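All of the numbers you see were taken from the coordinates with simple rules; none came from a lab. We place every Cβ from the backbone using ideal geometry, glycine too, and count neighbours over all the protein chains shown.
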Amino acid sequence: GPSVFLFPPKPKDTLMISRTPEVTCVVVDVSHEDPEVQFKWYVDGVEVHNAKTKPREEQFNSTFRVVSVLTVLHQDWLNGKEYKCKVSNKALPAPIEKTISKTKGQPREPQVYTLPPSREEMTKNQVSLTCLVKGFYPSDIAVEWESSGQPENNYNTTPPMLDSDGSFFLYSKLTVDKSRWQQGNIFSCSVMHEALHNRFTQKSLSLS
Amino acid sequence: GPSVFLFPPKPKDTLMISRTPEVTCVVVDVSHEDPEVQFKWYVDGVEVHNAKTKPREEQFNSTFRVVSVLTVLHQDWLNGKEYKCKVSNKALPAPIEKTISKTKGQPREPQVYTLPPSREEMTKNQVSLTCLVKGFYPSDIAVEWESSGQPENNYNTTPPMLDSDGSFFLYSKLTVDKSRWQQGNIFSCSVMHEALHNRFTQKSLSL
Amino acid sequence: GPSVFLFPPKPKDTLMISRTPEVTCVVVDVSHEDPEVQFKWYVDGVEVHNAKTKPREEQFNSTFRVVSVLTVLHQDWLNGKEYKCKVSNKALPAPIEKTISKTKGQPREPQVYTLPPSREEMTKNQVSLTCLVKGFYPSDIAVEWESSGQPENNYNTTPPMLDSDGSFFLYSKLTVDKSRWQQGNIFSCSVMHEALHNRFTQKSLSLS
């Protein structure tokens with residue numbers, strides 16, 4: 001029978017009110033004999049009607065994929081409210097229900113560090129700048145290499161590896177041509193996260 | 001039916017002078033009705049028998065996994081010699097051949113960069129010294145913080161991501177108490193790689 | 001009857017992978033009645049077939065000299081693996097076997113010191129600079145007077161003479177006309193050795 005997957009909204013969408021966060025319920029392996037899929041949506045057990053079902057799409061295995069989206073309230077998502085998707089399809093023995101909420105775990109304020117390039121790296125054409133974002137939880141975050149609060153041309157961001165502190169860390173590799181760094185630009189790495197003051201922080205960088 | 005995968009030697013095997021690299025040919029999904037798998041190995045198309053076929057292994061899907069390995073020489077691997085694995089099995093429609101050599105693409109001498117800790121990082125008890133390794137190609141790499149050209153060890157290593165220069169980069173997160181950085185330790189970092197002098201170069205850092 | 005000599009590869013060839021190190025088996029005093037010499041080669045007792053026999057050459061004593069060369073692996077030579085040459089000739093009562101490996105003895109990191117010329121030597125046309133390479137063992141080494149890592153015009157290298165520390169030392173006499181030194185050029189003695197990090201170290205020198 002078909003299977004159902006439920007995706008969270010983008011972190012920024014949950015943190016920026018001028019944005020709309022939504023959860024996405026994806027149903028795969030729906031059969032052609034019974035392609036109709038009913039979606040019912042609930043926020044912490046209360047049915048809401050601002051959810052919408054996306055068009056059904058046939059998959060490589062000759063089954064249908066059916067998706068429903070529920071708009072979620074900023075307050076509901078950031079406070080960790082639970083959003084339930086109910087999926088019904090005749091190729092299912094029982095309706096499938098899936099719940100999602102703000103990515104599980106206690107929020108942690110990201111510690112944003114901007115590691116300068118190696119002194120020996122000035123002999124090379126292009127130097128790397130290194131936004132260490134550590135001590136942040138959940139992975140719902142935005143990490144924002146910048147100059148003086150204005151995002152940068154080129155950063156090659158590592159995965160959220162776990163740091164020496166049990167948080168996620170990543171490096172955003174703000175890789176900059178030698179003149180940019182050597183001249184002492186005030187780069188900055190900003191980071192957007194629920195646990196930050198402003199849900200948004202800015203930690204600068206310059207030849208130092 | 002069966003599938004064959006041919007793996008290069010471990011990067012440090014190809015890159016550490018003291019090591020002997022070998023290539024490993026893995027065959028999965030060999031059937032039980034015809035479990036016999038023939039491995040023939042070739043170096044630059046010439047069949048060799050210093051290659052060895054590993055034991056057949058039953059997968060949970062009621063198939064067999066069969067593996068053969070061929071030792072490769074430092075200069076041979078680094079000079080791009082081609083090592084070919086020929087796999088035959090009756091559950092295959094035809095024999096499957098795979099060849100492996102130094103990972104194809106322009107080699108680049110790794111630029112080894114003990115990046116200093118962030119000024120912003122001095123607020124914490126511990127700071128990260130990052131041995132950026134950039135400008136290297138292939139990903140066939142080994143990375144190694146150091147001090148005075150001798151190793152350091154609380155380095156994380158990121159993946160060989162792509163760098164802006166069209167190479168791989170990775171960051172080697174040595175992470176250390178703030179005092180070590182502020183005290184002006186002569187750290188270093190080595191990187192072992194085919195394009196390097198002695199395939200191994202070391203770059204130092206200190207405050 | 002004939003005699004056999006086995007020579008090691010050049011140190012640099014063993015330390016630079018982009019180089020190929022080889023061992024050379026030399027057979028002298030081979031007779032003219034039986035000039036044919038068979039060479040068999042083994043690496044740590046395992047016969048290899050990437051060895052080659054050089055052309056036979058008649059010596060001053062009216063005997064033949066026959067030579068065989070075996071390419072050696074970087075790993076094999078630097079790890080001290082043993083390479084055996086088997087020599088057969090009818091003018092021999094029994095085959096002659098000779099083994100060679102990385103020059104015998106415990107590796108020691110070369111200490112590279114660049115001694116400036118005498119203060120009184122500026123009164124003379126041309127001053128000497130003194131690359132003291134000490135604490136290095138074995139003699140498999142490359143010693144490299146330079147400027148800033150780029151080899152120099154004129155160093156009169158003094159022998160591997162044993163030092164106060166039981167290593168070989170040598171000077172390399174980077175003799176330089178007075179203006180080069182007096183102006184404070186960053187000369188440099190580098191030194192390549194198995195015991196060095198990178199098998200290769202670089203030391204500056206300047207008027208100091």
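Summary table below
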{"read-out": "Average beta-carbon neighbours from other chains, 10 Å sphere, peptide B:121-134", "value": "5"}
{"read-out": "Karplus (6.51, -1.76, 1.60) ³J(HN,Hα), θ = phi - 60°, over the range B:39-51, in Hz, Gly and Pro reported as x", "value": "10, 10, 10, 9, 10, 6, x, 9, 5, 10, 10, 8, 7"}
{"read-out": "Sum of side-chain charges, residue C:61 neighbourhood, beta-carbon under 15 Å (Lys, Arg +1; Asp, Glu -1)", "value": "-2"}
{"read-out": "For chain B, built as a Gaussian network whose Cα springs stay under 10 Å, the top-fluctuating residue of B:142, B:94, B:195", "value": "B:94"}
{"read-out": "Value of relative contact order over the range C:135-208, rounded to a whole percent, pairs C-alpha under 8 Å and six or more apart", "value": "36 percent"}
{"read-out": "FRET efficiency estimate (nearest 0.05) - Cβ-Cβ, residue A:123 to residue C:204, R0 22 angstrom", "value": "0.90"}
{"read-out": "Positive-end residue of C:185, B:128, A:112, charge dipole of the protein assembly as shown with Cβ unit charges", "value": "C:185"}
{"read-out": "Whole-angstrom gap from the range C:155-185 to the range B:3-29, using each part's C-alpha centre", "value": "45 Å"}
{"read-out": "Residue A:38-residue C:18 FRET efficiency (beta carbon distance; Förster radius 45 Å; 0.05 resolution)", "value": "0.10"}
{"read-out": "Shielding by partners, peptide A:163-174 (average Cβ within 10 angstrom, other chains)", "value": "4"}
{"read-out": "Cα centroid separation, the range B:116-140 to the range A:40-117 (Å)", "value": "37 Å"}
{"read-out": "Gained length - residue C:60 relative to residue C:150, 0.36 nm times residue gap less alpha-carbon distance", "value": "28.1 nm"}
{"read-out": "Built amide H within the under 5 Å cut-off of residue C:200, gap 5+", "value": "C:193"}
{"read-out": "Calculated on alpha-carbon atoms, Rg and Dmax of the range A:128-174 in Å", "value": "10.7, 30"}
{"read-out": "Check: the protein assembly as shown dipole with +1 on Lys, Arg Cβ and -1 on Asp, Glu Cβ, in debye", "value": "680 debye"}
{"read-out": "Relative contact order (%) - criterion: Cα under 8 Å, at least six apart; region: chain B", "value": "18 percent"}
{"read-out": "For the range A:62-70, 3J(HN,Hα) per residue [Karplus equation, 6.51 cos²θ - 1.76 cosθ + 1.60, θ = phi - 60°, Hz, x = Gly/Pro]", "value": "6, 10, 9, 10, 10, 10, 10, 10, 10"}
{"read-out": "Other protein chain Cβ atoms within 10 Å, averaged over every residue that makes up C:197-204", "value": "5"}
{"read-out": "Sum of side-chain charges, residue B:135 neighbourhood, beta-carbon under 11 Å (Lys, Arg +1; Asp, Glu -1)", "value": "-1"}
{"read-out": "The protein assembly as shown shape via C-alpha gyration tensor axes, a/c threshold 1.5", "value": "oblate"}
{"read-out": "Dipole moment magnitude, nearest 20 debye, the range A:1-69 about Cα centre, only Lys, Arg, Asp, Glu C-beta charged", "value": "400 debye"}
{"read-out": "Residue A:186/residue A:139 FRET efficiency (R0 35 Å; Cβ-Cβ; nearest 0.05)", "value": "0.80"}
{"read-out": "Relative contact order for the range B:22-103, counting Cα pairs under 8 Å that sit 6 or more residues apart, in percent", "value": "38 percent"}
{"read-out": "Residues of the range A:56-81 with amide N under 11 Å of the 7 Å Cα→Cβ point at residue A:46", "value": "A:76"}
{"read-out": "Dipole magnitude of the range B:1-153 about its Cα centre (Cβ charges: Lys, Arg +1; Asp, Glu -1), debye to nearest 20", "value": "180 debye"}
{"read-out": "Order by protection proxy (mean Cβ within 10 Å, highest first), peptides B:198-205, B:120-127, B:101-108", "value": "B:198-205, B:120-127, B:101-108"}
{"read-out": "Listed residues A:7, A:164, A:93: farthest to the positive end of the dipole of chain A (Cβ charges)", "value": "A:164"}
{"read-out": "Along each principal axis, Cα extent of the range B:66-207, largest first, Å", "value": "65, 31, 27"}
{"read-out": "Ascending count of other beta-carbon atoms within 10 Å, so fewest first, for A:17, C:186, B:96, C:141", "value": "A:17, C:186, B:96, C:141"}
